[PDB]
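Participant: Here the protein sequences come in this chain order: Y, A, S, P, F, W and L.
Take the first sequence: its position 26, counted from the start at 1, is 372 in PDB author numbering, and no numbers get skipped.
Take the second sequence: its position 9, counted from the start at 1, is 108 in PDB author numbering, and no numbers get skipped.
Take the third sequence: its position 60, counted from the start at 1, is 209 in PDB author numbering, and no numbers get skipped.
Take the fourth sequence: its position 20, counted from the start at 1, is 317 in PDB author numbering, and no numbers get skipped.
Take the fifth sequence: its position 278, counted from the start at 1, is 1118 in PDB author numbering, and no numbers get skipped.
Take the sixth sequence: its position 12, counted from the start at 1, is 1099 in PDB author numbering, and no numbers get skipped.
Take the seventh sequence: its position 276, counted from the start at 1, is 276 in PDB author numbering, and no numbers get skipped.
Idealized CB from N, CA, C, for every residue including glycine.
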Amino acid sequence: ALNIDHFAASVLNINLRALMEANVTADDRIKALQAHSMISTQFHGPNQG
Amino acid sequence: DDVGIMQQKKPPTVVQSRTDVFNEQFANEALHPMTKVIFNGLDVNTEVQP
Amino acid sequence: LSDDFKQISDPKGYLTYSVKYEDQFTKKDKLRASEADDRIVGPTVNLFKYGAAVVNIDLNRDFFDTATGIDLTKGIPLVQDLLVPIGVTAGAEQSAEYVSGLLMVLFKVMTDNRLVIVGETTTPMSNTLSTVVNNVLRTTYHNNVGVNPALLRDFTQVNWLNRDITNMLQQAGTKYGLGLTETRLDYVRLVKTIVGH
Amino acid sequence: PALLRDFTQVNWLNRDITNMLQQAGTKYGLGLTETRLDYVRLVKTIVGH
Amino acid sequence: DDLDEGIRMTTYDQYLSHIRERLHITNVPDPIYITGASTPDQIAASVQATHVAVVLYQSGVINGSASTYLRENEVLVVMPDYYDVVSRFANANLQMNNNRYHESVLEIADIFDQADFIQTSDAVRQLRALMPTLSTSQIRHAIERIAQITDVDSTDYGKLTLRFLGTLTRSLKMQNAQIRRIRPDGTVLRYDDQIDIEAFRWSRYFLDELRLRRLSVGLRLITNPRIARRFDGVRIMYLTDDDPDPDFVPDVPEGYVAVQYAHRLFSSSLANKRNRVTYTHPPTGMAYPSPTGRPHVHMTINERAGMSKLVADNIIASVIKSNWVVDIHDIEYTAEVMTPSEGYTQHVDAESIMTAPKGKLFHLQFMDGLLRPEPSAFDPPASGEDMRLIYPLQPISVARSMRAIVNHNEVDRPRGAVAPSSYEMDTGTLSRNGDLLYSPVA
Amino acid sequence: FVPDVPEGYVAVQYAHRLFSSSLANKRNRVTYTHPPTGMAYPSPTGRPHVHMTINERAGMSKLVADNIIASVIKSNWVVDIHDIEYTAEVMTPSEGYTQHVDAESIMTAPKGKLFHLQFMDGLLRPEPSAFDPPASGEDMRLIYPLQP
Amino acid sequence: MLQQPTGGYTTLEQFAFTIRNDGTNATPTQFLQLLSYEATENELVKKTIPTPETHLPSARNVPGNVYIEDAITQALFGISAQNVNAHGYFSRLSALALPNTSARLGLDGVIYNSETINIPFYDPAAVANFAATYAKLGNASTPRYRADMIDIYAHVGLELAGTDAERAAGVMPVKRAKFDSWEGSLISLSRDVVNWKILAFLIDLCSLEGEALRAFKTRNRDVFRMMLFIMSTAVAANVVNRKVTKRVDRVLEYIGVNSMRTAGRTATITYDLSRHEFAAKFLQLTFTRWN
């Protein structure tokens, strides 16, 4: 509970909800890499999730 | 319950048996909790994704 | 006069506290209180710093010192010589150096002679204390400061630990409090008066 | 050849000594056995070893 | 049963030393002899006069009605030597004579209810039995050392010097030395009531009230389960897991055959083309020449001094390659907990744990590691890691007021964290006379 | 000599799909699956007795390509390879062994390579004496043929 | 002691269970409806359960004042528990089933050696039959004794959305749960269930007999369904939010199948690998004993 006005307080709250909610796992970045190399290249590493 | 920032402490890991003839003796080793890796110099994952 | 026993300002004690800190567990809330809210419950806060691994009790490293042969670096009272093989030379380390050291720590406690003297004592005001630390103090706390759990009733950010302390100091089964307390042996003049601290 | 009743690697010999020495017939001993005290002075004099 | 009641047996020599010289101070007729016939009537009536509550056993068989009078009235019997108690009273109908066995306790000599005597308590005997054994010259040395540490000179304590003989030494090991009067013959007389002053009535030789009251309080700190930090024995196993706290005794698995270690069950015999050290299974009588493939057992080494180096290697290899559970006893160690961060400072070997001298106590540190931050989501994995080889079975967790004063997110305790007990946080009140009492409860 | 599958075993195939990385306790560790039951087994210990056969070493992540061998020594795992060529030859009791293949170069090497092994014969081996103090230590075999 | 009430320890009312439906609390019966069920073309078969090996860890008595009841409730429902399956706490508990032991289970859920006056507990016989059965969970982790997981979950589902003609029969079509939502609702209910004193519901599930049991199962059929749902949340794989009208809705992806991980790392509570090892061997005991 701070002392900034209700407009800026509303802006920061809505800007935070879309970051927490909208999800992108490590796998989604690993799925994109399989589209920029010779087909059949194999990726391993960071846990899917 | 949180992910550490500063580096931690290790046993550390050591390599041992590989070839097709061992003839081990079980002498020494660490009674203290340690780690033993089969393959020499692994840890291969150099790609960083910004 | 004969003068059998000598007097001291503050008592020592046989059992003390130890700690092993973890230098990576710091809370980002720098809390604050009053000066009399600080003094009474002060050094006890700096013995239980947030992020302490183990806090155990044992024999005092001071009272039983090398001036009386007693040596304890390991946690076990080890004396150098008491009972030993005679014709044969002594060993570098023996288990007998313990049964003999535990016999020697029993000697020092027996030949004791000390009288506690009220010294330094100061009195705080009701306006300068929290309503939780106010009831603990009888009227006058002994000058200097003491270490004790429950003295840190409401001064730790450790939210879980704060719970059991309040529960145990509520069930009427226990009552903590430091300072000048009421006594049976009172006003008994021995050139000077007997008070209970 | 009795004081080594549990110090030899040779297996057959070990069990045999710890059998005829353990026997309810004989027994082995070493060192101070008893003492003869003095009448008037009251000190140890003739010791059996 | 109940491991209590029944009848109270004591050896005759223990009776004469403590009980006989103490009931003798008062003017009570010596304890009545147990009758060969039955006297379940006056057993306590003649015991009433003596106040001792003990009855001297002599000869014959104790009656059936006298067998139950001893059980109910809490009276004691002293037999010269107990090979059995069967024929002493002939347990008639129920089973007692020598079946449901005895136990071991202490009396503190409370069966006087008479003050000014029996000052010391139970715990002083425990310390004496805890002691190894002291020889005459060892006691003399021990007296000298404690004397010279405190400035008190001893020019010639405990020996007589005649000018035409030299320097003859006496012993210094008395016991309950009650200064009494000699008769012209030399034979010890009696108390000498009405004469002798009375100052020679007792006592244990200490500075009146001051020492006896100081010793009484100080003796209790010595026998406290927080000071005694010398743990015995170590179990050695090869199960591989990570545990938050130390003093984790890994219980023996479901189905094992517990074999007593012998200097015989390990024999050397030919297998294949070479000579090998072979195990011999006691219940089945088999070979197993290989260091591996042996049936799992629960070993227990008592003598870790006579074993050859080859036997120790077999023992320390079968634990690894066959999941054997081995055990040691003569090993003595002082354990102290170690913080997760930084790691270990000293590491020992599994070969030195089999050759260490009997009476040389080394310290081997145990890792705590209860509070340790787990790794991040993105990092390299692991491949078949840590194997731990040693385990305490004392157990070691002794002195801890509280442990790990860090909050787990958010308002709850971390798994396996303790708080201070409701005893070190209770300032009581003085006695109705002289010492500290509790709250009290309820 | 070709040692077979001892007794209670189950033959499973290989796919990188059954070797995934997961989290247990406080560390990241490669986890098995065992398709006929679908379990976890986060460590190279307590793994059910399998007869895992590998057709090709293609997508063998060097970490999980190693973890199989580490499980052979601690769970009695019997594994297979089919694309390997070798020209091993019989050797006499004396002169022992000279060169030997590594237990890691036989798992993460190019498919085309032809490396040779070295095998022992020992029928004319000198036997031990009559009365003698036994020496300690034993000797291992990790790679067997199946032809014969 | 409180002796024991005939008809349950859960008919006492001093300690009950109320899910916090936002600003206003409610009853478990009242909450279940806000959820509807979507039948998908997937089918599960009710698989029989294997018996539990009898070999609870031996008695040790390390001095810890162990919060056994607190630890249990934490792992199943607790939000990101740590070291739940460590060996030391259970071993101490198993001492409880022993006839004639100075070790009483506190009413509040804390175990003691000897006793106390200021604290009332459960009569030694009620706890004796309790620890006879839940001490076993202790060693659920061992390679040999360890319990299943990918199959006990064919039961979770029938109960959560089990139609009555479905738990009458054997097979139930794979359902898809969806109910109204308040955004932080999944974590919010999980934060709340942790304080139910779930000890009370279990220490009487082994003491109640032939008739008192028939009445117990027919009343608390909800208090069970509740902790089952909150538990089945961590397991199912995908959480999809539907934005309709002015409403917002949470869909739990598949009630009856172990995805093996994640659920939603953010939208819900997650299960580590030392959790499937635990919650599994738990359900293997309550279910069997339950039916």
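Who are the neighbours of Y/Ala372 on chain F, taking C-beta pairs under 8 angstroms?
Facilitator: Reading the first sequence from its first residue, position 26 is the one you call residue 372 of chain Y. Within chain F, the residues near Y/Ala372 are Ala1217 and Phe1218.
Participant: List in chain order: all unbroken alpha helix (DSSP H) runs of 4+ residues lying wholly within the region 916-971 of chain F.
Facilitator: Those alpha helix (DSSP H) runs which fall completely within the region 916-971 of chain F and span 4+ residues are 926-929 and 963-970.
Participant: I want to see whether chain S comes within less than 8 angstroms of F/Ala982, judged by CB atoms only; does it?
Facilitator: By 1-based counting over the fifth sequence, the position of residue 982 of chain F is 142. So yes, F/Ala982 belongs to the interface.
Participant: Terminal residues of the continuous alpha helix (DSSP H) containing L/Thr29?
Facilitator: Within the seventh sequence, residue 29 of chain L is the residue found at index 29, counting from 1. From DSSP, the alpha helix (DSSP H) with L/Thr29 extends over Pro28 to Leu32.
Participant: Is there a Cβ from chain L that is less than 8 angstroms from the Cβ of F/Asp1167?
Facilitator: In the fifth sequence, residue 1167 of chain F corresponds to position 327, counting from 1. It does not; no Cβ of chain L falls within 8 angstroms.
Participant: Comparing the C-beta of W/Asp1189 with each C-beta of chain A, is any distance below 8 angstroms?
Facilitator: As a first step, residue 1189 of chain W must be located in the sixth sequence, where it is residue number 102. By this cut-off, W/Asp1189 is an interface position.
Participant: Among S/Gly250, S/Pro160 and S/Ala241, which residue has its Cα nearest to the Cα of F/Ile1062?
Facilitator: For this step, residue 1062 of chain F is matched to residue 222 along the fifth sequence. Per the Cα distances, S/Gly250.
Participant: Starting from the C-beta of W/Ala1222, find all residues in its chain whose C-beta is less than 8 angstroms away, skip the five residues before and the five after it, and write them out in chain order.
Facilitator: Along the sixth sequence, read from residue 1 onward, the residue named residue 1222 of chain W stands at position 135. Here the set comprises nothing.
Participant: Does any C-beta atom of chain Y lie closer than 8 angstroms to the C-beta of L/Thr266?
Facilitator: Taking the first residue of the seventh sequence as 1, we reach residue 266 of chain L at position 266. Cβ-Cβ to chain Y under 8 angstroms: yes for L/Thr266.
Participant: Please return the same chain residues whose Cβ sits closer than 7 angstroms to the Cβ of S/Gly218, not counting the five positions on each side in sequence.
Facilitator: Residue 218 of chain S sits at position 69 when you count from the first residue of the third sequence. For S/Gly218, where only same-chain residues beyond five positions count, the Cβ hits under 7 angstroms are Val228, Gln229 and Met253.
Participant: Is the beta carbon of F/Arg1069 sitting closer than 8 angstroms to the one on S/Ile225?
Facilitator: In the fifth sequence, residue 1069 of chain F corresponds to position 229, counting from 1. In the third sequence, residue 225 of chain S corresponds to position 76, counting from 1. In this structure, S/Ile225 lies closer than 8 angstroms to F/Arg1069 by Cβ.
Participant: Are any of the Cβ atoms in chain W nearer than 8 angstroms to that of F/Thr1080?
Facilitator: Reading the fifth sequence from its first residue, position 240 is the one you call residue 1080 of chain F. So, interface residue.
Participant: Between the alpha carbons of L/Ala97 and L/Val127, how many angstroms are there, rounded?
Facilitator: Residue 97 of chain L sits at position 97 when you count from the first residue of the seventh sequence. Residue 127 of chain L sits at position 127 when you count from the first residue of the seventh sequence. Each residue's alpha carbon lies about 7 angstroms from the other.
Participant: Let's see if you can read the secondary structure: which residues bound the alpha helix (DSSP H) around L/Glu277?
Facilitator: Here residue 277 of chain L refers to the residue found at position 277 of the seventh sequence. Where L/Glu277 is concerned, the enclosing alpha helix (DSSP H) stretches over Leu273 to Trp290.
Participant: Whole angstroms is fine: what's the gap from F/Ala1102's alpha carbon to F/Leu896's?
Facilitator: Here residue 1102 of chain F refers to the residue found at position 262 of the fifth sequence. Here residue 896 of chain F refers to the residue found at position 56 of the fifth sequence. In a straight line, the C-alpha of F/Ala1102 is about 45 angstroms away from that of F/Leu896.
Participant: Pick helix, strand or coil for F/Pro1135, following the three-state DSSP scheme.
Facilitator: Start at 1 with the first residue of the fifth sequence, and residue 1135 of chain F comes out as number 295. Note: F/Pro1135 maps to coil in three-state DSSP.
Participant: From W/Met1147, W/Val1089, W/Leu1233 and W/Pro1123, pick the residue whose C-alpha is nearest to that of W/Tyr1173; which is it?
Facilitator: Position 86 of the sixth sequence holds residue 1173 of chain W. Among W/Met1147, W/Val1089, W/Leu1233 and W/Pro1123, the Cα nearest to that of W/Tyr1173 is on W/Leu1233.
Participant: Which residues in chain L have a C-beta closer than 8 angstroms to the C-beta of Y/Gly395? List them in chain order.
Facilitator: Residue numbering aside, residue 395 of chain Y sits at position 49 when the first sequence is read from its first letter. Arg261, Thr262 and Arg265, listed in chain order.
Participant: Classify Y/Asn359 as helix, strand or coil using the three-state DSSP reduction.
Facilitator: For the purposes of this step, residue 359 of chain Y is taken as the residue at position 13 of the first sequence. Residue state, collapsed to three classes: helix.
Participant: What does DSSP give as the partner residues of F/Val895 in its beta bridges?
Facilitator: Position 55 of the fifth sequence, counted from the start, is the residue given in the question as residue 895 of chain F. According to DSSP, which records beta bridges pairwise, F/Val895 is partnered with F/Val917.
Participant: Answer yes or no: does any C-beta atom of chain A fall closer than 8 angstroms to that of W/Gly1224?
Facilitator: The residue you call residue 1224 of chain W lines up with position 137 of the sixth sequence. Chain A contact via Cβ: present.
Participant: Please tell me whether W/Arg1212 and A/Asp119 are closer than 8 angstroms, where the distance is taken between their beta carbons.
Facilitator: Residue mapping note: residue 1212 of chain W aligns to position 125 of the sixth sequence, counting from 1. Residue mapping note: residue 119 of chain A aligns to position 20 of the second sequence, counting from 1. Their beta carbons are not under 8 angstroms apart, which means W/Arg1212 does not touch A/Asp119 by this criterion.
Participant: Note down, in chain order, every chain L residue with its Cβ under 8 angstroms from the Cβ of W/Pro1129.
Facilitator: For the purposes of this step, residue 1129 of chain W is taken as residue 42 along the sixth sequence, with counting starting at 1. Residues of chain L passing the Cβ test: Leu273.
Participant: On the three-state DSSP scale, how would you describe W/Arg1114?
Facilitator: Residue mapping note: residue 1114 of chain W aligns to position 27 of the sixth sequence, counting from 1. Looking at W/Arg1114 - three-state DSSP - the assignment turns out to be strand.
Participant: Mark P/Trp309 as exposed unless 16 or more other C-beta atoms lie within 10 angstroms of its C-beta, in which case mark it buried.
Facilitator: In the fourth sequence, counting from the first residue as 1, residue 309 of chain P sits at position 12. By the neighbour-count rule (16 or more Cβ atoms within 10 Å), P/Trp309 is not buried but exposed.
Participant: In three-state terms, what does DSSP make of W/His1169?
Facilitator: For the purposes of this step, residue 1169 of chain W is identified with residue 82 of the sixth sequence, where counting begins at 1. DSSP places W/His1169 in coil when its eight states are reduced to three.
Participant: Identify which residue in S/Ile343, S/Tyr325, S/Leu334 and S/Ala245 has its Cα closest to the Cα of F/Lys1200.
Facilitator: Taking the fifth sequence and counting its residues from 1, the one referred to as residue 1200 of chain F is at position 360. Selected option, being the one with the closest Cα: S/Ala245.
Participant: In angstroms with no decimal places, state the Cα-to-Cα distance between F/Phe1071 and L/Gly64.
Facilitator: Mapped onto the fifth sequence, residue 1071 of chain F falls at position 231. Mapped onto the seventh sequence, residue 64 of chain L falls at position 64. For F/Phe1071 and L/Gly64, the distance between alpha carbons rounds to 19 angstroms.
Participant: Based on the DSSP output, what are the partners of L/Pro63 in its beta bridges?
Facilitator: In the seventh sequence, counting from the first residue as 1, residue 63 of chain L sits at position 63. Partner(s): none; L/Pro63 has no beta bridge.
Participant: Find the nearest neighbour of F/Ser907 within the set F/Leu1277, F/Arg1021 and F/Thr879, judged by alpha-carbon distance.
Facilitator: Counted from its first residue, the fifth sequence places residue 907 of chain F at position 67. Among F/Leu1277, F/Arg1021 and F/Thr879, the Cα nearest to that of F/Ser907 belongs to F/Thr879.
Participant: Any chance the CB of F/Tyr1173 is under 7 angstroms from a heavy atom of the ligand SAH?
Facilitator: By its list of ligands, the structure shown contains no ligand whatsoever, and the ligand SAH lies outside what it can speak to.
Participant: Check this for me: beta carbons of S/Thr323 and F/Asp993, under 8 angstroms apart or not?
Facilitator: Counting from one through the third sequence, the residue named residue 323 of chain S turns up at place 174. Counting from one through the fifth sequence, the residue named residue 993 of chain F turns up at place 153. No, the Cβ-Cβ distance between S/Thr323 and F/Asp993 is not below 8 angstroms.
Participant: By DSSP's criteria, W/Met1207 is part of a beta bridge. Which residues make up the other side?
Facilitator: The sequence position of residue 1207 of chain W within the sixth sequence is 120, counting from 1. W/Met1207 is bridged to W/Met1178.
Participant: Looking at the secondary structure, which residues open and close the beta strand (DSSP E) in which S/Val254 lies?
Facilitator: For this step, residue 254 of chain S is matched to residue 105 along the third sequence. It is not in any beta strand (DSSP E) - S/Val254 instead sits in the alpha helix (DSSP H) that spans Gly250 to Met259.
Participant: How many Å lie between S/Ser275 and S/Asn283 at the Cα?
Facilitator: Sequence index remark: in the third sequence, residue 275 of chain S carries index 126 (1-based). Sequence index remark: in the third sequence, residue 283 of chain S carries index 134 (1-based). Going from the Cα of S/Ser275 to the Cα of S/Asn283 covers about 7 angstroms.
Participant: Flag F/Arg862 as yes if its beta-carbon sits less than 8 angstroms from any beta-carbon of chain A, otherwise no.
Facilitator: Position 22 of the fifth sequence, counting from 1, holds the residue named residue 862 of chain F. Cβ-Cβ to chain A under 8 angstroms: no for F/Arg862.
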